[PDB]
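Chains as they are written, first to last, in the entry's author numbering: chain q, 29 to 246, 262 to 526; chain z, 13 to 249, 252 to 522; chain Z, 13 to 240, 255 to 523; chain G, 17 to 249, 274 to 525.
Using N, Cα and C, we set each Cβ at its ideal position, and we do this for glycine too.
Remarks on the structure that follows.
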Amino acid sequence: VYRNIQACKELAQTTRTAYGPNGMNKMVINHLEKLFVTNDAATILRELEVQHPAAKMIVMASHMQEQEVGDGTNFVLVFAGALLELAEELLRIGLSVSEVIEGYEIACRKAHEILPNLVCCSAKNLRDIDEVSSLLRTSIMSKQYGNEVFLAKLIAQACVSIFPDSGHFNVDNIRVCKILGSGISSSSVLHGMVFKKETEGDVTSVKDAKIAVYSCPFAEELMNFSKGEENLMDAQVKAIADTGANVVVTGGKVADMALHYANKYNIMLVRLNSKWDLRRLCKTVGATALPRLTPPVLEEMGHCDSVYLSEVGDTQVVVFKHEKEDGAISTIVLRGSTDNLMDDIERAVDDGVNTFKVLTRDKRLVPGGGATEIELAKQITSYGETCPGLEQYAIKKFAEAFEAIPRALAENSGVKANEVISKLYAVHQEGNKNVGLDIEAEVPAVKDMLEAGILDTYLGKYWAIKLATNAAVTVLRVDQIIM
Amino acid sequence: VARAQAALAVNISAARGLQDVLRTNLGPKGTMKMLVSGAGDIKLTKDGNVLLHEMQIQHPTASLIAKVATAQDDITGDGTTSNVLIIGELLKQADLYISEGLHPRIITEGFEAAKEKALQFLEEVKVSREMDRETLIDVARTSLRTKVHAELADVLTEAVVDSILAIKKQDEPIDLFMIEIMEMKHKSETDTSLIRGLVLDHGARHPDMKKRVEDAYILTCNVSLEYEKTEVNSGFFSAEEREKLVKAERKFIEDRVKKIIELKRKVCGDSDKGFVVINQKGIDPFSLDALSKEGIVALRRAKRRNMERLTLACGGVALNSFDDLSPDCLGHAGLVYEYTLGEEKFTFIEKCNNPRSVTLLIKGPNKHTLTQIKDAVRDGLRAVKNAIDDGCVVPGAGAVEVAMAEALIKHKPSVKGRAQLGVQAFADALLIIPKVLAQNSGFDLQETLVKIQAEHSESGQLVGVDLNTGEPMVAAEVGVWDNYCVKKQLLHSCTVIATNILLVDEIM
Amino acid sequence: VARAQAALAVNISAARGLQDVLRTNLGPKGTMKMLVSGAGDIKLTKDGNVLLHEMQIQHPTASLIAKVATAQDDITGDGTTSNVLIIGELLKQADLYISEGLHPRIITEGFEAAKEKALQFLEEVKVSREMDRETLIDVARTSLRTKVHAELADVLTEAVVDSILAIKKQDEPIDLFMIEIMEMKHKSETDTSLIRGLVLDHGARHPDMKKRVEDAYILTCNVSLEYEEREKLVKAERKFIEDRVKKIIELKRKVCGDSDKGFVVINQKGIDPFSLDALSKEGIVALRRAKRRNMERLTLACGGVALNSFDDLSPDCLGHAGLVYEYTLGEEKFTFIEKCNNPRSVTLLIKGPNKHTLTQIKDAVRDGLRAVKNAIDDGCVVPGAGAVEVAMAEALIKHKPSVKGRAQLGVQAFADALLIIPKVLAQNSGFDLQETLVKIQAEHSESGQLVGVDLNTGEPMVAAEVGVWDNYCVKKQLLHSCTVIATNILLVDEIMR
Amino acid sequence: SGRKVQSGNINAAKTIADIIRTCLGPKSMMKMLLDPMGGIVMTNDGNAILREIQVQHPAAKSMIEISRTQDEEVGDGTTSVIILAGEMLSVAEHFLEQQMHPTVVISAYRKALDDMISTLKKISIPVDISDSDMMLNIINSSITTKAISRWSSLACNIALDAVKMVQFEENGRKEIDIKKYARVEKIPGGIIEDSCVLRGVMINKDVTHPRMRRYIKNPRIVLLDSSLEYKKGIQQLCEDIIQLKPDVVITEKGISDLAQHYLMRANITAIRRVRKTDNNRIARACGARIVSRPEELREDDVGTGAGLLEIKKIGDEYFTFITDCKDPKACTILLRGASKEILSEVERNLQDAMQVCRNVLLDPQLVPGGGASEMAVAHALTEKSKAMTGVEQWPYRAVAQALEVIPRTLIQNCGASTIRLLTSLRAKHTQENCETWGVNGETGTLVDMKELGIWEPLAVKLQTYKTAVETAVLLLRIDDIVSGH
Ligand SMILES: Nc1ncnc2c1ncn2[C@@H]1O[C@H](COP(=O)(O)OP(=O)(O)O)[C@@H](O)[C@H]1O
């Protein structure tokens, strides 16, 4: 039993250092020898060889937390490790393993109703670009560097604010065309599906287009074989070019007589598609995957509207746009020098836009950064002495676990945790809810979080304090496996 | 005589090694046991039924004790946790006397005497309860209490008992006839519902597909109707060769949906007679709205459990090939409607020609919650079925064990006297169930027992543990009950198991 | 809490070790043990009394349970094997519940809650028998059956009881003051005799020395009378013997007067052969090398006023004995002094062929007559052979959970811990350990019937009419001691070094 | 080193605290003591376990040493100080693991000590001075569950006469009572009722042939420490004694009968080969003075002391009683009987009760014991912990719950469970502030200790709390034990 919660403690400790906006990034040289200098907990959890079975419940609860808000994973891990760390103290006091379960359940049910009573929600809409750019600041502020978020919150928001329309949203439409080279300031916004191409013979102002679909990319007897191959690729590009295609796509490289054919019929020779856009370009234009050059027809065809060349990001790229939604797809172009920061920027983008998605359905915003956690830590520990019996222990061991969350925010910022926790707990008694932990001060100084703007989603905390408690309870109710 | 001591010692060791594990298993305050088998699979398990099957067993004789406990499990469902542990303390009480120098046959004779002297108490401690709904409700509550949280047991004790009230044919009861169990990941758990009909796997895909079809007959099929891009190379190794080839497959569906139109112009000349079609495989994307313009519900992805319940309950005559589109190959469903909840569609077929097959549809946020509540539901309906065919229902929570131990120690040296130690070794090993029931919920194993071991009337009073206080509580007025054959076959099989194990000396 | 379990395990093991040592030595069908010293000396022993002393101990804590056990033996005489085994089984009955997870204070409370009702049952199960000769005879027979054969018990059961009838005074019953054990290695074991007076060490070494002395007046002396420039040196020592013989003749003509007034004399050292004849020519019995245990019995029983020298040969420094006769038996002689003036010190003359079986019967006689001295000093008598112990189990099992309730487990632990006396009595006598127990545990009356085990058949036999009996201050003291000893070993913690 | 060997200090303290943790309370479990020779000792008193134990670690040596200083000033409770220091030092490492300094920990401990000393006086119930019912209740509270339970009917009087015969009115009214001046004489023979009290000092010695003008109705004492001779050929300084004329002059050396007569020529009586515990009590009962220097030999030589010398052969022994004395501070208590194991325990527990009634002469307060005072100071310090901010908040609260082992061990070694019992005890102690309920040492039940009656005096528990806190802060003051290995 104690070995299980010890495995949960070390699983909490390996992600506690990567918590908050000053998370220490870890190095991943994985099974197939990657190289990630990364900070997101779901990236590390999907790489770590979780061998102990009791920690797999914690990993699965964090994965379920990822599956519906996209964030709050490290919060679930830290809170569950804190609950089990205080649970072993409760067990070594002399409480049963049953009593801690319903104590945690009662205090979690109390937290689930105290949590909507501290909200400072969003103002009017997920429109008004400059208002919701500040609302998306906290997500990438936690992940990437804070001084970088001032451009990055705008770049991540002005593209995602294209379609906050008719009460429905999709996060898959926000893509990234990862283009290397110039700095992060050179990043820009694009409206439609974008990737680089090679050639130039593009008809631009097309109607509802006719898109080629590729699921698989590319003495006189010698001259006769040459003419045979010549008319062979001619009939091949005609087998696409019949039923009137405007573009010819391929995942690979150019061919010289084939590009002369694509200039002869005036077709855009699209090249160099990824091993992931083969589904995504089919999804956006209504295309069905075709292996070779011979078997397209008019029924076997995609339908964009405007395919031409753009030079934003200082590089020639394609554009696919104006679908049934007429603005369904809206990628972003992310410019960096190397790749080892660009994966973190990419994983910050979607973790910003899923918070935008949960803001479509939950406008409630709680003050984050120690404000909510110390408030719950005070409320439940004031509830704890009210109900007598053995649960009076366990409820008081619940809210104290909430104090482990700003402590992990404290010690990740070079701050003495006991001083800042005592100071925050004292100032929360009178200078109420909206105060929390300041990051920038080396001195353990508190700061009001509402005027700082550092607020989190209410539904994320609401689901996270449910799933972490469920994980801790379902871990505490096992004895062993023969192993 | 050290040879017999070797086998006695190794059997005592194995049956202690199982006894502690299955002691920790028993009780509503018990703990789950997690089983991992090679591939990293995780199974949260409380019941000893799956535990005795899937355990990579350490010991040779423990495999035999698990197999014979499974042979007991075939009739009782649960209580097998208590079965193998009452063995593991019965031969413990025997080991207390073979270490004194007694022959094992003396203790077998004492077990044989105490078996009859316990069954004569068992036949009179029962009460032939009438089969009122509430006398099954409390039995369902008790059988559901030891699996899941007790308030969830009080929730689902209504959904169990009406499903068991939907079986009423007094020729043969079987749960595998009619109770089908499916799951909805609604992120909610308290809404396990009994629907008097066949719940299907999915629902009407098209928006223009009709939400409501009341008087529905069913076109079943299994083989394809979709615009089938085949799984071999559809672009086959000019262009005109396949321009009308897969379009000839399209025409093979065009005249087919014309035949579907013909079949719904055979019977559906009136519009009050609606219609539903089901293919077990995919639906053609133009036949989707082509039946939606006709307003006929269409669906793919059916399971064969749905097909056999369409045939058995809905009266659906099954169809394989499309040549026999004829009105006799239909069923009857007076209530077909899709019900999308959470994220997935779900058609409901009810008001069929003989409503027999039901559905206990489980709502569950996670997989382990729904599997635990599925085992809870199944063991509850099995226990209440065992309470149905038994005309009597005995009190539970360890009351009959204390009353039987208070019967057997009052059973005097009327027995052989040399075999009196067998009776006294059978009686104290009956008290281990109220021992470990109060022990598994934090109370004292000894003090609660001796509080119950003071018979609170002139009779050995039907008093069990309370699993919330650890106080002597009469199980009659609280209705914490169980059926007869569970503890009957428990005592019988455990007696014959103990007398089987107690007579072994040397193994090669 | 693992330290408490470790200390309790290493104590229950040692008190099991003492239990298995002193189990088989209880009972008439028991087995002796061989106490072997470092010098190869051999001692055969049945009783646990001197078994507990000379046992070369193998375990540290096992000494402590030894040390209190002989502390019982000062105040119980016999049955300390029973004390140590009921301790070692009370400890196991408590271990059967402590290893379940119970605190030892609960079984501590349940010990006393049964001990007070055990004393309440003991004060009513007894019969206040008057001091008849026959009840003391069967007390001696019961105490002697577990040490010697039943036939040899029938030999000694009169020679014990007449001496303990000879200690009958107003208010001084005492064993060591007046009963001694004399031993003669002569050819027949059935010839232990009560002697009203004293046996001296040797007898007449000369035929002119008489054998009948009527008015025997005994003279003690310590300095030898033996023949102990050189032809006149040893002759001057001879003349110191000569005028010594002349001083003997002075007393011979000084205190005699009539021929009725007999004279007798012993010496703590040698007597000269011409002096042996000079004492034999007047028929006065002389003696070399009587023991020093005979001097105080010559004072306290024979009235012999002690003397050392010969200048003070006075009439008042003599005893008054009515009989002195020498008695050759086997190889050596023994002077017999009877009809003493205040005859109190008596002599138990054990006969037999061997020496170490004669020390065995000497310790048997000692244990038996100390037991019957306790039976006289007790104003009652109790049944024996485990009848009262089965009655105590019948009490304390039926003595209800009207006690503390969780200490009722300790009450039943004390109850079934009091059943190892008839269990090992049946085990040592070759019967079944459980069959005749539950045969005895079928109460022949409606009360818990005073049924002991028969040590010859394995039969439930009522011990009341057969007189297999004990005194009160054996089982009363075991009930007083065993409980507090077992709970002293229960509440222990670990060990320094 | 540093905080590592500070944790080593408190580990050595806890391992000697939790050895003798179980042996407080009236149901104390025994212990096994084994020298490396095979000897077996079974004990209950914690100080007897503290004596023969060896310890390699010097912090535990000092911890035991300061409780040994506590042992002979008021008496018992030497186990409780070692116990209560151990859990405070154990909970101190939880904040030493928080990387905070020992200084903030010990200042929080001192701030808690200042609340401990006050809240115990808040719950102190005043007992009345020298009232025989409550003076008997002192004997029923502090002398019981010992081997005086069959002889407390003597000890209840032997307490009250001795506490009124060891007083000192130096700076006020009789305030200092003392353990060393009550003239104890524990000689067997006779029944135990013959143990009675008297005013004066008894002397086992006499002059070897008492032909002397010996007993005078006002013996005035001059002390001398030399040896008397025949005459000038000291009778010269004996002649110089006659200037002031005392009627006794006390020596310690032997006087011949002719020198006895020459002492009669000045009429002064001496004594020989006496003890120091006889000598100081002879000086204490009478207030005599010592001088032999002739320029210092003035009117300041003669200490006018007693009113009765008495040669007396009480139990065929050469007794001399100095009674009807000057000072009623060295007064006779004889102790008779057969053996000397229980009236010695009477003398021990009644010198502890002598300090108790000394506290009664200072502050006659009795506080409900059995952990009731411990639970009261625990609750009163947890409520005071709620308003205070700062980093010292957690250690100050920690000794609020580190010290509650006095019920918790007592509910441990009585068979009952500790969790529900302590939870129900504080459940009727936090919101039930004005009750002071204690766990009963017999059945393990939460009783009102004011109804049970077992009240510990105020100053002795103040001393145990103070000594525990200054044990803990002294052990945390230690940084390293470096003078070698
Ligand atoms: N600049 C900041 N100031 C205060 N708190 C912050 C700041 N940035 C992030 N946080 C806090 O860190 C917490 C944890 O976020 P984190 O777990 O890193 O998100 P994710 O689960 O997406 O990685 C958030 O609740 C947020 O309140």
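Query                                                                                                                                                                          : Result
Is q/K171 near ligand 1 - that is, is its Cβ less than 7 Å away from at least one heavy atom of it?                                                                            : yes
With a cut-off of 8 Å, does the C-beta of G/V200 fall near any C-beta of chain q?                                                                                              : no
Pick helix, strand or coil for q/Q93, following the three-state DSSP scheme.                                                                                                   : helix
Buried or exposed for Z/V372, please, with buried defined as at least 16 other CB atoms from any protein chain shown within 10 angstroms of its CB.                            : buried
Would you say the beta carbon of q/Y47 comes nearer than 7 Å to a heavy atom of ligand 1?                                                                                      : yes
Leaving aside the five residues before and after z/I511 along the sequence, list all residues of the same chain whose C-beta is less than 7 Å from its C-beta, in chain order. : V80 and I99
Are the C-beta of Z/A468 and some C-beta of chain z separated by less than 8 Å?                                                                                                : yes
Taking three-plus beta-carbon pairs below 8 Å as touching, is the segment 360-379 of chain Z in contact with the segment 202-217 of chain Z?                                   : yes
What number of angstroms, rounded off, separates the C-alpha of G/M79 from the C-alpha of q/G122?                                                                              : 29 Å
Looking only at its own chain, which residues have a Cβ that is under 7 Å from the Cβ of Z/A171, when we skip the five neighbours before and after it?                         : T204, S205, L206 and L374
In whole angstroms, what separates the C-alpha of Z/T169 from that of Z/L97?                                                                                                   : 28 Å
Starting from the Cα of Z/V414, find the closest Cα among Z/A18, Z/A27, Z/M487 and Z/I387 and give me that residue.                                                            : Z/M487
For a test of your reading of the model: does the CB of q/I497 fall under 7 Å from any non-hydrogen atom of ligand 1? Yes or no.                                               : yes
If you draw a straight line from the C-alpha of G/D210 to the C-alpha of G/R376, how long is it?                                                                               : 6 Å
Near q/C148, what residues of its chain come up, given a Cβ to Cβ distance below 8 Å and the 5 sequence neighbours on each side ignored?                                       : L408, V409, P410, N477, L493 and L498
Measuring CB atoms only, is the segment 120-137 of chain q touching the segment 374-392 of chain q, in the sense that at least three cross pairs come out at less than 8 Å?    : no
Check the Cβ of q/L333 against every Cβ in chain z and list those closer than 7 Å, keeping chain order.                                                                        : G247
Which word fits G/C326, buried or exposed, when buried means at least 16 other C-beta atoms lie within 10 angstroms of its C-beta?                                             : buried
Which whole-angstrom value is the C-beta distance of Z/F289 and Z/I275, which I expect to be below 8 Å?                                                                        : With a Cβ gap of about 11 Å, Z/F289 and Z/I275 do not count as contacting.
Should q/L302 be counted as a contact of ligand 1 given a C-beta to heavy atom distance under 7 Å?                                                                             : no
Please tell me whether G/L374 and G/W495 are closer than 8 Å, where the distance is taken between their beta carbons.                                                          : no
What alpha helix (DSSP H) runs, 4 residues minimum, are completely inside the segment 413-446 of chain z?                                                                      : 413-422 and 434-441
Taking 8 Å as the cut-off, does the segment 106-125 of chain z touch the segment 54-61 of chain z (at least 3 CB pairs, one atom from each stretch)?                           : no
Does the Cβ of q/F268 have 16 or more other Cβ atoms within 10 Å, making it buried, or fewer, making it exposed?                                                               : exposed
Compute the beta-carbon to beta-carbon distance between G/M58 and Z/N23, rounded to the nearest angstrom, for a pair I have assumed lies under 8 Å.                            : That pair is no contact at about 11 Å.
With 16 as the cutoff for other CB atoms within 10 Å, does z/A83 come out buried or exposed?                                                                                   : exposed
At the level of alpha carbons, what is the spacing between G/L443 and q/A89?                                                                                                   : 40 Å
Quick one: which residues of the segment 75-103 of chain Z get their C-beta closer than 7 Å to a C-beta of chain G? List them in chain order.                                  : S75 and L76
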